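Given next are the chains, with one letter for each unit.
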Amino acid sequence: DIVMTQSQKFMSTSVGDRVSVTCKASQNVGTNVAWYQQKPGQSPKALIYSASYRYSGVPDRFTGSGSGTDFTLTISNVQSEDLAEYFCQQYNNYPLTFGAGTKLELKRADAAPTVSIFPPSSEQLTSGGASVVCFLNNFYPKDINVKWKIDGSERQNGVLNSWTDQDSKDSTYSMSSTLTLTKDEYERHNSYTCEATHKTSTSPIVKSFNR
Amino acid sequence: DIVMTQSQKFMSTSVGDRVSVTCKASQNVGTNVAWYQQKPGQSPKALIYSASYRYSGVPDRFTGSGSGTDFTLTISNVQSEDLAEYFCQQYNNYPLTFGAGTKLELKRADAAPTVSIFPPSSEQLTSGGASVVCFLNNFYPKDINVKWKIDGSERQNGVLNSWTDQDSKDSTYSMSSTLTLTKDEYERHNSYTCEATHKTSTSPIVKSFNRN
Amino acid sequence: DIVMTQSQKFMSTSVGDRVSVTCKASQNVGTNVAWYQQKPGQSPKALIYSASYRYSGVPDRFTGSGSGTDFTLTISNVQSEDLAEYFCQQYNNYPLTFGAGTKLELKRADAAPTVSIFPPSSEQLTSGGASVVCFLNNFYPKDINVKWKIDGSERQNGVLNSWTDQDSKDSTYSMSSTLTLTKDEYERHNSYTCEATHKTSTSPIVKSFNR
Amino acid sequence: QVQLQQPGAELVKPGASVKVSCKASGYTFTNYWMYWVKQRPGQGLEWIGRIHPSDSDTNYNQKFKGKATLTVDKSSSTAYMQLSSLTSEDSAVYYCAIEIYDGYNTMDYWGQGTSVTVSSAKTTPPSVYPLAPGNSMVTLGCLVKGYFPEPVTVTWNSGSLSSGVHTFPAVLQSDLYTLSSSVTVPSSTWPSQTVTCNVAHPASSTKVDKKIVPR
Amino acid sequence: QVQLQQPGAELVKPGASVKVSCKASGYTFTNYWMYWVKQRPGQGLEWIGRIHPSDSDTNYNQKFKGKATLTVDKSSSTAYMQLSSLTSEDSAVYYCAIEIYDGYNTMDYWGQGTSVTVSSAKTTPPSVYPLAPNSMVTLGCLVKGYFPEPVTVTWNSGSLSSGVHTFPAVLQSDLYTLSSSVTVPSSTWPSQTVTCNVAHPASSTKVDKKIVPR
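Reading guide: rules and limits
- Residues numbered from 1 in each chain as written, not as in the entry; some residues may be left out.
- Chains lettered and ligands numbered in written order.
- Part of a larger assembly, values for the part shown.
- Heavy atoms only, no water.
- Residues with missing side-chain atoms left out of burial classes, pairs and counts.
- Contact = heavy atoms within 4.5 Å.
- Buried area = accessible area lost by both parts, 1.4 Å probe.
- Salt bridge = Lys/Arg side-chain N within 4 Å of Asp/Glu carboxyl O.
- Nonpolar A, V, L, I, M, F, W, Y, C, P; charged D, E, K, R; others polar.
- Pairing = 2+ DSSP bridges.
- Helix = DSSP H or I, 4+ residues; strand = E, 2+ residues; numbered from the N terminus.
- Axes fitted to C-alpha atoms, helices over the stretch in contact; angles between N-to-C directions.
- Disulfide = S-S within 2.5 Å.
- Buried < 20%, exposed > 50% of the residue type's maximum accessible area, 1.4 Å probe, protein only.
- Domains from an automatic or database assignment.
- Polar contact = N/O pair within 3.5 Å; in protein donor to acceptor, adjacent residues only side chain to side chain.

Structure determination for the deposited model, as stated in its record, used X-ray crystallography, and the stated resolution is 2.0700 Å.

The structure is reproduced here in structure tokens:
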């Protein structure tokens, strides 16, 4: 089949600036090239058809160029709402083939996380389980270390970590960390500490509670 | 496909007497019929070939007869060692087909069960679980009812019951009942009782222990 | 004995196309391999001997290849009259052994059944019995459902169905459904109905008669 | 309005088959090609095939030859893609989509996508737990624990509360999925007003509204 | 001596394939038909097919026509039954068997049978627990939470056989559990060591658990 390359897996820029994506086709696909946008959790959205023509509702900021084998998608005046994965696709020959996809990244200043800790709810305790949840919201860059302490001893098991994609409002990152214990194990200890280590400070951000 | 229909799912006699199991073939198979004995947990054992001829090592107490469609396997001087499921088979037509199987049963006098209770081992308590085991050995008939009581309250969940087949020595039955709790639940209560209701007594047999 | 395994039990193709059936021997039989064709209700007809030589009268559309273990019969320009079962046989070692056989199936467009109902004849009514017959002819694919109603109530007992093999002229299927009752039972009711349900059916095909 | 309605999730045992539906409405069904796209988790887009509901003409991708079969039902204006002999590699989101050029503008319309999960596990509905605190703003949360299969939809106050919301991607652990969601609101909003976490799990027909109650 | 050796258990995921082996020894491999039999848990016996290792001549049951494939390897005197596209229906014990008539007597020889379990769950070795408490005393052994079948239980390496009750395994929440009791004279325990020997071939597990008075 015809192969659409897209050499870059990630593209970076700042809010208000511009970015571009190349797409290399293994053979001549004329101008029968389309560009799609996919935000996380949503269906793909067609941006460009026929190499350079926009679909209805696609703003001027998205411009497609190229013919033959070298096609480029250019996004100007980039805003945080443009955070998505972008695919090229040829429809000049069958079967229809897509590019690997290029995800947009937005550079910005560092930001320390706002950390919040939540004890197990009374409802969960009736189920025999006990989850302690620690939210780490709106930090940058995405790299962050989180540790759990139970009465001074570290626990690195039964922890479920999940990171959001880059925030569509302020380009920051957020992280949820869940320490799950049995109700008996939970009631056999007092202090439950959540420690966040981020490059914004050498001192960890500490949130704790005594049950 | 020829169907081999064994009339009875179970055949009953006393120790020393004789039983017989019949097998009906849908079409004529002449004498190309075999019989097999399968004890619990073992591979089948061929007893009869050509409807009436015995394999080497099969005692003469096992006698096969019949030709055409009606075949019979007779076991004389039945002993507790003969407790098994017995199958007929035809090798006259392809595909070879077996009978559904007839399980031998033995009548005997009633027998009250010997009941033994066991608290959770210290080994299991380190794993967070706690199983209380109740053994009910060597009773007859097989019908029995077991209840678990925790400080007087009946627990009919988290219970695992298992029945043995009829004993190959005294033709009795045995039961194992295991109540599994978490270690927290186990330490939240004191009295653990295994209650057995059997035909041999209008009053239930009660084995208990206090964790105290 | 030598095993001649025909991997495919069926072989689907369309009229005019070319089909190939394979036959693998458990041991080396050289070229001492024959192919046979058996149409329904007929004696087998020898097609190929010496793995590749045709019997007199066999059209050149039937070709055979292979030496040693792997053998293949190929039918070019497949006709609707070619619907049959095809066997491979080795005669290099005794006893001679046949393959399990491969049935030729023909593909075609869908076709609705032509349904005809017939009341019990006056000759059969003098015998004490009564058989109602419904023909469902020249339909495709072969899956079809028939429901018998007596005075609007579904009847299941006493129904015997029979399906023909694929028609040697148009590659369709046919089925006959016969409801047999006693003459007294047949005269206890009035309306008799056979309902045909098929892939082509947007609604059942209902044919009825009133005694 | 032009719409393409697709079911949320389909849980099918390995080796079995499934039929994914795409109900069209608001336009002439038989006037536009219907495209089908497959997207495995964390992967890219793959073209399955297309079909024209007028005459059921199809263009297939050879990769999905014996795997996918496209059909249409013009009486219901519904397109179907049947997947057969299901394996783990078939677990993905399946989109139906059309492209309309009305002589003035070119618009694309997509279905929501059907999350087909191939597994021997059975459905498990989620256990929704409130996250209430033990400043000018307050952060509340919602723990959606132990469900299968994907997906679940989480909204706050039936979507009326959208700013300051972070819904975290689901993590698979011990054959079960779990996610969480946080919302930050003015301190004058909670606990004075009602804050409700709305969880929807279509694979189990579950809709749970859990209010974030102060203690 | 004539022997037919089969592996104890095979755990195969739904849709995959498994090949059960039957290693023969003590006789001329190519002289006798090799039969195969399927027995679902708690069901009857079903004939799969037979193969003669001399020339690999086979006779299949139509029900297992595409499912089972019988082969032999004469360099190892091993028979093989391959099952394809496994489903829950194919979970059973599979025996290989031969019949020998030497001109004097007719004997049958059977393998132990391979417990093929078709499931997406992983292997779990059992947790073996001692059951410790007149003229007799009853001891026990709890073999809890294992997968898949089977497990074998002996007492004192088989030297302690009379007075033993080994209860069939029960599946409960994806795991098997069985127990075994032994009744001995009050002078045997706790004076002498009483050992419960558990083997779980699916996980290569052999655990010896002493019934310690404690």
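**Student:** What am I meant to see in the interface of chain A and chain D here?
**Tutor:** By a widely used convention, the size of an interface equals the accessible area lost when the partners come together. Counting from both sides, the interface comprises 39 residues of chain A and, opposite them, 39 residues of chain D. Here chain A meets chain D over a buried area of about 3,200 Å², counting both sides, of which 63% is carbon and sulfur. Interface area lost by chain A to chain D is led by A:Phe98, A:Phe118 and A:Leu160, which between them contribute 16%. In this structure, the connection of chain A to chain D is made through zero salt bridges. Looking at the side of chain A that touches chain D residue by residue, the class counts come to 17 nonpolar, 18 polar and four charged.

**Student:** Which parts of the structure should I look at to understand the arrangement of the chains?
**Tutor:** No part of chain B reaches chain C; the closest C-alpha pair between them is 14 Å apart. Spatially, chain A is disjoint from chain E: no contact exists, and the shortest C-alpha separation is 17 Å.

**Student:** I would appreciate a short explanation of the sheet that holds strand β14 (residues 152–155) of chain E in the present structure.
**Tutor:** In any sheet, the strands associate via hydrogen bonds between backbone groups, in a parallel or an antiparallel arrangement. All names here are of chain E. One open sheet holds the three strands; their spatial order is β14-β18-β19, and the pairing between them is antiparallel. A strand with exactly one partner marks an edge of an open sheet, and here the two such strands are β14 and β19 (205–210). Direction aside, the axes of adjacent strands within the sheet are offset by 15 degrees on average. Across six bridges, strand β18 (residues 195–200) lies against β19 in antiparallel orientation. Its bridge partner being in β19, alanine 199 is matched across the sheet by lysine 206.

**Student:** Any chance you could explain the state of the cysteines here in plain terms?
**Tutor:** By definition, a disulfide links the sulfur atoms of two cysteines through a covalent bond. Here the structure, examined in full by the defined rule, presents ten disulfides over all chains. What pairs with A:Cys23 in a disulfide is A:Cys88, and their sulfur atoms sit 2.0 Å apart. With the S-S bond torsion at 65 degrees, the cross-link from A:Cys23 to A:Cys88 turns out right-handed. Highlighted residues: A:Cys23 in strand β2 (residues 19–24) and A:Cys88 in strand β8 (residues 85–90), separated in sequence by 65 residues. Judged by relative accessible area, which is 2%, A:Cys23 ranks as buried. Across a sulfur-sulfur distance of 2.0 Å, E:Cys141 and E:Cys196 are joined as a disulfide pair. Given an S-S torsion of about -80 degrees, the disulfide between E:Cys141 and E:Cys196 has left-handed geometry. In this pair, E:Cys141 sits in strand β13 (residues 136–146) while E:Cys196 sits in strand β18, placing the two residues 55 residues apart along the sequence. Assigned by exposure class, E:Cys141 and E:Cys196 land together as buried.

**Student:** Explanation requested: the domain arrangement of chain D in the structure shown.
**Tutor:** All names here are of chain D. Under the domain assignment used here, chain D contains domain 1 (3–118) and domain 2 (127–211). With centres defined by C-alpha atoms, the gap from domain 1 to domain 2 works out at 31 Å. Taken together, the five residues of domain 1 in the interface contact five residues of domain 2. Buried area between domain 1 and domain 2, summed over both chains or domains, comes out near 370 Å², and the portion from carbon and sulfur atoms is 81%.

**Student:** What is the right way to read the pattern of salt bridges from this model?
**Tutor:** If charged atoms from side chains of opposite charge come close, those side chains can pair. In the structure shown here, the tally under the stated rule is 28 salt bridges over all chains. The partner of C:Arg61 in a salt bridge is C:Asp82, and the shortest N-O contact between them spans 2.7 Å. You can see C:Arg61 sitting in the loop between β6 (53–54) and β7 (62–66) and its partner C:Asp82 sitting in the loop between β8 (70–75) and β9 (85–90), a full 21 residues away along the chain. Residue C:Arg61 shares its accessibility class with C:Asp82, and that shared class is buried. Among the salt bridges present, the one from C:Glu185 reaches C:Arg155, with a minimum N-O distance of 3.1 Å. Taken together, the residues span a long stretch of sequence, with C:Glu185 in helix α2 (residues 183–188) and C:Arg155 in strand β15 (residues 153–155) at a distance of 30 residues. For C:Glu185, a relative accessible area of 18% corresponds to the buried category. What you see here is one network of salt bridges that share partners, running through B:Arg155, B:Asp184, B:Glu185 and B:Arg188.

**Student:** When you look at the interface of chain C and chain E in this model, what are you seeing that I'm missing?
**Tutor:** Counting from both sides, the interface comprises five residues of chain C and, opposite them, four residues of chain E. In total, about 330 Å² of surface goes out of reach between chain C and chain E, with carbon and sulfur atoms giving 33% of it. Its largest share of buried area at the contact with chain E, chain C owes to C:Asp1, C:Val3 and C:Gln27, together 92% of the area lost on that side. For the interface between chain C and chain E, the tally reads zero salt bridges. In this assembly, chain C and chain E are joined by three residue pairs in polar contact. Here the residues of the side of chain C that touches chain E sort into two nonpolar, two polar and one charged.

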